[PDB]
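Reproduced below: coords-v5.cif, with mmCIF, N, CA and C atoms.
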data_query
#
loop_
_atom_site.group_PDB
_atom_site.id
_atom_site.type_symbol
_atom_site.label_atom_id
_atom_site.label_comp_id
_atom_site.auth_asym_id
_atom_site.auth_seq_id
_atom_site.Cartn_x
_atom_site.Cartn_y
_atom_site.Cartn_z
ATOM 1 N N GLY A 1 61.571 -182.164 -52.630
ATOM 2 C CA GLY A 1 62.632 -183.107 -52.200
ATOM 3 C C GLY A 1 63.960 -182.831 -52.882
ATOM 4 N N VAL A 2 64.398 -183.776 -53.702
ATOM 5 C CA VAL A 2 65.659 -183.666 -54.415
ATOM 6 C C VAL A 2 65.459 -182.998 -55.772
ATOM 7 N N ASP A 3 66.565 -182.611 -56.370
ATOM 8 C CA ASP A 3 66.583 -181.939 -57.658
ATOM 9 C C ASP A 3 66.620 -182.958 -58.790
ATOM 10 N N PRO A 4 65.562 -182.969 -59.603
ATOM 11 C CA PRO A 4 65.415 -183.750 -60.850
ATOM 12 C C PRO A 4 66.668 -183.937 -61.741
ATOM 13 N N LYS A 5 67.744 -183.161 -61.531
ATOM 14 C CA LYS A 5 69.045 -183.255 -62.289
ATOM 15 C C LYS A 5 69.591 -184.691 -62.521
ATOM 16 N N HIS A 6 68.831 -185.675 -62.111
ATOM 17 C CA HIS A 6 69.188 -187.085 -62.154
ATOM 18 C C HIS A 6 69.375 -187.569 -63.583
ATOM 19 N N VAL A 7 68.777 -186.818 -64.510
ATOM 20 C CA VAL A 7 68.785 -187.118 -65.964
ATOM 21 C C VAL A 7 68.402 -188.557 -66.285
ATOM 22 N N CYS A 8 68.554 -188.924 -67.552
ATOM 23 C CA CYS A 8 68.427 -190.308 -67.967
ATOM 24 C C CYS A 8 69.221 -190.547 -69.241
ATOM 25 N N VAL A 9 69.854 -191.707 -69.327
ATOM 26 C CA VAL A 9 70.762 -191.991 -70.430
ATOM 27 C C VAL A 9 70.429 -193.317 -71.108
ATOM 28 N N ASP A 10 70.321 -194.365 -70.305
ATOM 29 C CA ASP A 10 70.205 -195.724 -70.832
ATOM 30 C C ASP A 10 68.771 -196.216 -70.754
ATOM 31 N N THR A 11 68.293 -196.399 -69.531
ATOM 32 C CA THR A 11 66.903 -196.749 -69.266
ATOM 33 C C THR A 11 66.430 -197.968 -70.071
ATOM 34 N N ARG A 12 67.223 -199.040 -70.036
ATOM 35 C CA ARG A 12 66.824 -200.308 -70.642
ATOM 36 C C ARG A 12 65.972 -201.114 -69.670
ATOM 37 N N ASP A 13 66.115 -200.791 -68.390
ATOM 38 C CA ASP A 13 65.338 -201.425 -67.322
ATOM 39 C C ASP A 13 63.910 -200.901 -67.351
ATOM 40 N N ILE A 14 63.699 -199.917 -68.214
ATOM 41 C CA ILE A 14 62.462 -199.161 -68.267
ATOM 42 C C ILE A 14 61.439 -199.851 -69.186
ATOM 43 N N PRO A 15 60.388 -200.420 -68.578
ATOM 44 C CA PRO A 15 59.317 -201.144 -69.283
ATOM 45 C C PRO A 15 58.389 -200.250 -70.105
ATOM 46 N N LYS A 16 57.347 -200.870 -70.656
ATOM 47 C CA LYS A 16 56.350 -200.159 -71.450
ATOM 48 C C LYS A 16 55.380 -199.405 -70.546
ATOM 49 N N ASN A 17 54.656 -198.465 -71.154
ATOM 50 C CA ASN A 17 53.808 -197.487 -70.443
ATOM 51 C C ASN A 17 54.544 -196.841 -69.273
ATOM 52 N N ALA A 18 55.856 -196.946 -69.291
ATOM 53 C CA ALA A 18 56.679 -196.432 -68.225
ATOM 54 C C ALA A 18 57.621 -195.374 -68.767
ATOM 55 N N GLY A 19 57.755 -194.299 -68.019
ATOM 56 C CA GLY A 19 58.653 -193.235 -68.401
ATOM 57 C C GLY A 19 60.074 -193.554 -67.984
ATOM 58 N N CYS A 20 61.045 -192.910 -68.596
ATOM 59 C CA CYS A 20 62.427 -193.230 -68.318
ATOM 60 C C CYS A 20 63.061 -192.189 -67.395
ATOM 61 N N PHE A 21 63.821 -192.660 -66.412
ATOM 62 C CA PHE A 21 64.459 -191.785 -65.441
ATOM 63 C C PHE A 21 65.761 -192.411 -64.947
ATOM 64 N N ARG A 22 66.674 -191.588 -64.479
ATOM 65 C CA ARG A 22 67.857 -192.053 -63.779
ATOM 66 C C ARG A 22 67.872 -191.396 -62.421
ATOM 67 N N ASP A 23 68.401 -192.048 -61.403
ATOM 68 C CA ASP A 23 68.476 -191.417 -60.090
ATOM 69 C C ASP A 23 69.905 -190.946 -59.796
ATOM 70 N N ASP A 24 70.087 -190.157 -58.732
ATOM 71 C CA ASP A 24 71.419 -189.682 -58.337
ATOM 72 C C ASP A 24 72.327 -190.854 -58.006
ATOM 73 N N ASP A 25 71.715 -191.945 -57.573
ATOM 74 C CA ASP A 25 72.442 -193.156 -57.225
ATOM 75 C C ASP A 25 73.124 -193.741 -58.458
ATOM 76 N N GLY A 26 72.616 -193.378 -59.625
ATOM 77 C CA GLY A 26 73.127 -193.929 -60.860
ATOM 78 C C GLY A 26 72.171 -194.945 -61.425
ATOM 79 N N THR A 27 71.316 -195.458 -60.555
ATOM 80 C CA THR A 27 70.305 -196.415 -60.943
ATOM 81 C C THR A 27 69.272 -195.773 -61.852
ATOM 82 N N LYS A 28 69.010 -196.416 -62.975
ATOM 83 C CA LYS A 28 67.998 -195.936 -63.894
ATOM 84 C C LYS A 28 66.644 -196.407 -63.407
ATOM 85 N N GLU A 29 65.737 -195.479 -63.241
ATOM 86 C CA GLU A 29 64.429 -195.789 -62.726
ATOM 87 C C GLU A 29 63.369 -195.704 -63.790
ATOM 88 N N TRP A 30 62.224 -196.228 -63.436
ATOM 89 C CA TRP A 30 61.047 -196.146 -64.251
ATOM 90 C C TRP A 30 59.839 -196.059 -63.355
ATOM 91 N N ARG A 31 58.834 -195.407 -63.856
ATOM 92 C CA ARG A 31 57.599 -195.214 -63.147
ATOM 93 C C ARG A 31 56.479 -195.408 -64.113
ATOM 94 N N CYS A 32 55.302 -195.460 -63.594
ATOM 95 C CA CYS A 32 54.162 -195.802 -64.386
ATOM 96 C C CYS A 32 53.379 -194.544 -64.569
ATOM 97 N N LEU A 33 53.144 -194.246 -65.837
ATOM 98 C CA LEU A 33 52.573 -192.987 -66.289
ATOM 99 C C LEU A 33 51.379 -192.519 -65.467
ATOM 100 N N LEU A 34 50.946 -191.296 -65.712
ATOM 101 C CA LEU A 34 49.897 -190.690 -64.910
ATOM 102 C C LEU A 34 48.634 -191.528 -64.925
ATOM 103 N N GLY A 35 48.284 -192.033 -63.756
ATOM 104 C CA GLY A 35 47.121 -192.881 -63.627
ATOM 105 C C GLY A 35 47.384 -194.318 -64.037
ATOM 106 N N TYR A 36 48.640 -194.647 -64.268
ATOM 107 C CA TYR A 36 49.042 -196.006 -64.602
ATOM 108 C C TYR A 36 49.443 -196.795 -63.355
ATOM 109 N N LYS A 37 49.828 -198.053 -63.560
ATOM 110 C CA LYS A 37 50.207 -198.947 -62.468
ATOM 111 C C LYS A 37 50.975 -200.143 -63.030
ATOM 112 N N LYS A 38 51.723 -200.844 -62.188
ATOM 113 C CA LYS A 38 52.396 -202.059 -62.619
ATOM 114 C C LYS A 38 51.408 -203.195 -62.836
ATOM 115 N N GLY A 39 51.399 -203.736 -64.047
ATOM 116 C CA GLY A 39 50.454 -204.781 -64.379
ATOM 117 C C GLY A 39 51.116 -206.033 -64.915
ATOM 118 N N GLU A 40 51.950 -205.867 -65.933
ATOM 119 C CA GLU A 40 52.544 -207.002 -66.640
ATOM 120 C C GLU A 40 53.481 -207.801 -65.732
ATOM 121 N N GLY A 41 54.372 -207.083 -65.067
ATOM 122 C CA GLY A 41 55.417 -207.697 -64.269
ATOM 123 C C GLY A 41 56.715 -206.949 -64.462
ATOM 124 N N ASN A 42 56.996 -206.020 -63.550
ATOM 125 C CA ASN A 42 57.990 -204.985 -63.788
ATOM 126 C C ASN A 42 57.638 -204.269 -65.076
ATOM 127 N N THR A 43 56.467 -203.642 -65.085
ATOM 128 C CA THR A 43 55.929 -203.020 -66.288
ATOM 129 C C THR A 43 54.741 -202.165 -65.900
ATOM 130 N N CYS A 44 54.347 -201.240 -66.754
ATOM 131 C CA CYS A 44 53.257 -200.350 -66.428
ATOM 132 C C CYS A 44 52.107 -200.525 -67.407
ATOM 133 N N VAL A 45 50.907 -200.265 -66.919
ATOM 134 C CA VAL A 45 49.684 -200.364 -67.690
ATOM 135 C C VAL A 45 48.712 -199.305 -67.210
ATOM 136 N N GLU A 46 47.648 -199.112 -67.958
ATOM 137 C CA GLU A 46 46.645 -198.116 -67.632
ATOM 138 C C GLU A 46 45.803 -198.541 -66.433
ATOM 139 N N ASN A 47 45.979 -197.838 -65.328
ATOM 140 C CA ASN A 47 45.235 -198.115 -64.108
ATOM 141 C C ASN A 47 43.949 -197.304 -64.080
ATOM 142 N N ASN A 48 42.828 -197.975 -64.280
ATOM 143 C CA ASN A 48 41.545 -197.316 -64.422
ATOM 144 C C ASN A 48 41.017 -196.763 -63.094
ATOM 145 N N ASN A 49 41.892 -196.635 -62.110
ATOM 146 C CA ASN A 49 41.520 -196.111 -60.807
ATOM 147 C C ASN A 49 42.774 -195.708 -60.042
ATOM 148 N N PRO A 50 43.380 -194.578 -60.425
ATOM 149 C CA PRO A 50 44.614 -194.110 -59.826
ATOM 150 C C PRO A 50 44.397 -193.382 -58.511
ATOM 151 N N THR A 51 45.221 -193.725 -57.541
ATOM 152 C CA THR A 51 45.212 -193.079 -56.249
ATOM 153 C C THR A 51 46.580 -192.469 -56.006
ATOM 154 N N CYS A 52 46.633 -191.379 -55.267
ATOM 155 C CA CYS A 52 47.893 -190.762 -54.951
ATOM 156 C C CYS A 52 48.524 -191.496 -53.772
ATOM 157 N N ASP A 53 49.777 -191.155 -53.453
ATOM 158 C CA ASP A 53 50.580 -191.864 -52.439
ATOM 159 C C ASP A 53 51.126 -193.164 -53.007
ATOM 160 N N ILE A 54 50.260 -193.899 -53.676
ATOM 161 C CA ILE A 54 50.619 -195.173 -54.279
ATOM 162 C C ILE A 54 50.991 -194.949 -55.719
ATOM 163 N N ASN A 55 52.288 -195.088 -56.002
ATOM 164 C CA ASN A 55 52.830 -194.769 -57.316
ATOM 165 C C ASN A 55 52.694 -193.273 -57.552
ATOM 166 N N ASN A 56 52.323 -192.575 -56.478
ATOM 167 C CA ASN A 56 52.003 -191.156 -56.519
ATOM 168 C C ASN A 56 50.878 -190.899 -57.532
ATOM 169 N N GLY A 57 50.077 -191.935 -57.797
ATOM 170 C CA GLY A 57 49.045 -191.851 -58.819
ATOM 171 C C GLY A 57 49.636 -191.834 -60.211
ATOM 172 N N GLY A 58 50.836 -192.369 -60.325
ATOM 173 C CA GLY A 58 51.532 -192.393 -61.588
ATOM 174 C C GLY A 58 52.419 -191.180 -61.751
ATOM 175 N N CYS A 59 52.691 -190.524 -60.638
ATOM 176 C CA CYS A 59 53.461 -189.290 -60.623
ATOM 177 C C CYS A 59 54.790 -189.500 -59.899
ATOM 178 N N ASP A 60 55.600 -188.456 -59.846
ATOM 179 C CA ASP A 60 56.916 -188.532 -59.209
ATOM 180 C C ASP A 60 56.837 -187.952 -57.807
ATOM 181 N N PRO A 61 57.557 -188.561 -56.841
ATOM 182 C CA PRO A 61 57.545 -188.146 -55.438
ATOM 183 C C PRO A 61 57.843 -186.659 -55.236
ATOM 184 N N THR A 62 58.532 -186.039 -56.188
ATOM 185 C CA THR A 62 58.773 -184.601 -56.133
ATOM 186 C C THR A 62 57.582 -183.849 -56.724
ATOM 187 N N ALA A 63 56.926 -184.481 -57.690
ATOM 188 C CA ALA A 63 55.752 -183.925 -58.327
ATOM 189 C C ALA A 63 54.516 -184.114 -57.446
ATOM 190 N N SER A 64 54.042 -183.022 -56.855
ATOM 191 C CA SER A 64 52.874 -183.055 -55.972
ATOM 192 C C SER A 64 51.660 -183.643 -56.692
ATOM 193 N N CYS A 65 51.203 -184.799 -56.223
ATOM 194 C CA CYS A 65 50.092 -185.505 -56.847
ATOM 195 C C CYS A 65 48.735 -185.034 -56.332
ATOM 196 N N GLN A 66 47.722 -185.238 -57.162
ATOM 197 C CA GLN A 66 46.341 -185.056 -56.776
ATOM 198 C C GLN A 66 45.556 -186.302 -57.147
ATOM 199 N N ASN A 67 44.755 -186.789 -56.220
ATOM 200 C CA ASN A 67 43.964 -187.987 -56.455
ATOM 201 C C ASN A 67 42.588 -187.597 -56.962
ATOM 202 N N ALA A 68 42.242 -188.078 -58.143
ATOM 203 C CA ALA A 68 41.034 -187.642 -58.813
ATOM 204 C C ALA A 68 40.454 -188.750 -59.681
ATOM 205 N N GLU A 69 39.203 -188.580 -60.081
ATOM 206 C CA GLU A 69 38.541 -189.503 -60.990
ATOM 207 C C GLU A 69 38.167 -188.790 -62.287
ATOM 208 N N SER A 70 38.150 -189.544 -63.376
ATOM 209 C CA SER A 70 37.862 -189.022 -64.705
ATOM 210 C C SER A 70 37.659 -190.183 -65.673
ATOM 211 N N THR A 71 37.242 -189.904 -66.902
ATOM 212 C CA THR A 71 37.054 -190.966 -67.880
ATOM 213 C C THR A 71 38.405 -191.561 -68.260
ATOM 214 N N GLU A 72 39.412 -190.703 -68.290
ATOM 215 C CA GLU A 72 40.770 -191.112 -68.581
ATOM 216 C C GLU A 72 41.541 -191.278 -67.290
ATOM 217 N N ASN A 73 42.232 -192.396 -67.147
ATOM 218 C CA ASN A 73 43.076 -192.619 -65.982
ATOM 219 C C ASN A 73 44.256 -191.667 -66.009
ATOM 220 N N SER A 74 44.662 -191.286 -67.210
ATOM 221 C CA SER A 74 45.811 -190.419 -67.379
ATOM 222 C C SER A 74 45.407 -188.947 -67.357
ATOM 223 N N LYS A 75 44.135 -188.692 -67.073
ATOM 224 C CA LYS A 75 43.649 -187.327 -66.929
ATOM 225 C C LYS A 75 43.061 -187.130 -65.538
ATOM 226 N N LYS A 76 43.424 -188.022 -64.620
ATOM 227 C CA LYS A 76 42.921 -187.952 -63.256
ATOM 228 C C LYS A 76 43.938 -187.330 -62.328
ATOM 229 N N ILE A 77 45.073 -187.994 -62.193
ATOM 230 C CA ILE A 77 46.066 -187.584 -61.229
ATOM 231 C C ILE A 77 46.876 -186.418 -61.764
ATOM 232 N N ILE A 78 47.012 -185.410 -60.939
ATOM 233 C CA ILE A 78 47.778 -184.222 -61.298
ATOM 234 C C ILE A 78 49.134 -184.246 -60.607
ATOM 235 N N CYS A 79 50.191 -184.038 -61.373
ATOM 236 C CA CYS A 79 51.528 -183.951 -60.819
ATOM 237 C C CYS A 79 52.062 -182.529 -60.935
ATOM 238 N N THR A 80 52.807 -182.111 -59.930
ATOM 239 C CA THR A 80 53.329 -180.757 -59.874
ATOM 240 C C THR A 80 54.841 -180.735 -59.658
ATOM 241 N N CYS A 81 55.571 -180.266 -60.657
ATOM 242 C CA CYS A 81 56.978 -179.973 -60.479
ATOM 243 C C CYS A 81 57.112 -178.515 -60.045
ATOM 244 N N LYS A 82 58.179 -178.203 -59.337
ATOM 245 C CA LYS A 82 58.323 -176.902 -58.701
ATOM 246 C C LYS A 82 59.597 -176.206 -59.166
ATOM 247 N N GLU A 83 59.906 -175.063 -58.575
ATOM 248 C CA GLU A 83 61.153 -174.369 -58.876
ATOM 249 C C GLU A 83 62.380 -175.238 -58.548
ATOM 250 N N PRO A 84 62.440 -175.875 -57.350
ATOM 251 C CA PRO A 84 63.560 -176.757 -56.976
ATOM 252 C C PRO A 84 63.572 -178.071 -57.751
ATOM 253 N N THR A 85 62.878 -178.112 -58.876
ATOM 254 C CA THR A 85 62.844 -179.316 -59.678
ATOM 255 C C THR A 85 63.151 -179.016 -61.146
ATOM 256 N N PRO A 86 64.407 -179.291 -61.554
ATOM 257 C CA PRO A 86 64.877 -179.189 -62.943
ATOM 258 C C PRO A 86 63.855 -179.580 -64.039
ATOM 259 N N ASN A 87 63.036 -180.623 -63.831
ATOM 260 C CA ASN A 87 62.090 -181.053 -64.881
ATOM 261 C C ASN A 87 60.923 -181.852 -64.317
ATOM 262 N N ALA A 88 59.972 -182.182 -65.188
ATOM 263 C CA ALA A 88 58.922 -183.157 -64.912
ATOM 264 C C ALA A 88 58.726 -184.030 -66.151
ATOM 265 N N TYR A 89 59.160 -185.280 -66.070
ATOM 266 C CA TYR A 89 59.066 -186.202 -67.194
ATOM 267 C C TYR A 89 57.671 -186.757 -67.277
ATOM 268 N N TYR A 90 57.160 -186.909 -68.488
ATOM 269 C CA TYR A 90 55.834 -187.463 -68.682
ATOM 270 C C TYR A 90 54.834 -186.712 -67.826
ATOM 271 N N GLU A 91 54.889 -185.381 -67.947
ATOM 272 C CA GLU A 91 53.968 -184.468 -67.279
ATOM 273 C C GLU A 91 54.273 -184.331 -65.790
ATOM 274 N N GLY A 92 55.135 -185.197 -65.294
ATOM 275 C CA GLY A 92 55.488 -185.186 -63.892
ATOM 276 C C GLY A 92 55.437 -186.571 -63.279
ATOM 277 N N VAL A 93 55.563 -187.595 -64.122
ATOM 278 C CA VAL A 93 55.750 -188.958 -63.640
ATOM 279 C C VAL A 93 57.136 -189.065 -63.033
ATOM 280 N N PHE A 94 58.018 -188.185 -63.494
ATOM 281 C CA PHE A 94 59.365 -188.067 -62.954
ATOM 282 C C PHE A 94 59.769 -186.628 -62.996
ATOM 283 N N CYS A 95 60.965 -186.372 -62.544
ATOM 284 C CA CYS A 95 61.564 -185.084 -62.697
ATOM 285 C C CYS A 95 63.047 -185.250 -63.020
ATOM 286 N N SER A 96 63.437 -184.709 -64.159
ATOM 287 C CA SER A 96 64.784 -184.877 -64.730
ATOM 288 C C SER A 96 65.532 -183.548 -64.790
ATOM 289 N N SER A 97 66.782 -183.578 -65.241
ATOM 290 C CA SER A 97 67.571 -182.357 -65.359
ATOM 291 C C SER A 97 67.104 -181.551 -66.563
ATOM 292 N N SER A 98 65.879 -181.053 -66.451
ATOM 293 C CA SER A 98 65.192 -180.278 -67.490
ATOM 294 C C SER A 98 65.105 -181.010 -68.836
ATOM 295 N N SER A 99 64.257 -180.489 -69.708
ATOM 296 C CA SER A 99 64.074 -181.030 -71.044
ATOM 297 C C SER A 99 63.551 -179.931 -71.959
#
The structure given in the file should be rewritten as structure tokens.
Amino acid sequence: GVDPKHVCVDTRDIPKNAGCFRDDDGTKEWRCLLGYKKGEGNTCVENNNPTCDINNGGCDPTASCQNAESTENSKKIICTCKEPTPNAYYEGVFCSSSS
């Protein structure tokens, strides 16, 4: 999709168990770590059953997800950043302007 160059600067909107990201829009985003999900309320927690498509399984829409099962929720879903992607934050929960 788009180029991760979105970087991140402030990310105060960014809850716990959530990685920090900024979008091209200027809006600072957050996502829920690999195999995580929103639990608290605008917040991320360990999702003991991660599925792809939904939260991308805790991955970034540019990061190609894989839906899988494992003892660890954060060792289930696989995210893939590519050449057209400056970075992959939190293993690929996001993609930023490299790191």
Self-check item: d(atom C of residue A:59, atom C of residue A:94) in Å
Solution: 6.5 Å
Near-residue A:42 list (7 Å; all atoms listed in the file; drop same-chain fewer than 4 positions) as an mmCIF file with N, CA and C atoms, in the coordinates of the input:
data_model
loop_
_atom_site.group_PDB
_atom_site.id
_atom_site.type_symbol
_atom_site.label_atom_id
_atom_site.label_comp_id
_atom_site.auth_asym_id
_atom_site.auth_seq_id
_atom_site.Cartn_x
_atom_site.Cartn_y
_atom_site.Cartn_z
ATOM 1 N N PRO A 15 60.388 -200.420 -68.578
ATOM 2 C CA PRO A 15 59.317 -201.144 -69.283
ATOM 3 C C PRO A 15 58.389 -200.250 -70.105
ATOM 4 N N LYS A 16 57.347 -200.870 -70.656
ATOM 5 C CA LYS A 16 56.350 -200.159 -71.450
ATOM 6 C C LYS A 16 55.380 -199.405 -70.546
ATOM 7 N N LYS A 38 51.723 -200.844 -62.188
ATOM 8 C CA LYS A 38 52.396 -202.059 -62.619
ATOM 9 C C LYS A 38 51.408 -203.195 -62.836
#
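Take the candidates A:11, A:62, A:55, A:49 and check each one against residue A:95 using only N, CA and C atoms; the shortest distance goes to A:62.
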Quiz item: Given the choices A:50, A:12, A:21, A:7, which gets closest to residue A:69 if the distance is worked out from all atoms listed in the file?
Solution: A:50
Self-check item: Separation of atom C of residue A:37 from atom N of residue A:74, in Å and rounded to one decimal
Solution: 11.7 Å
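Each of A:86, A:92, A:39, A:26 was checked against residue A:58 using all atoms listed in the file; the smallest atom-to-atom distance is that of A:92.
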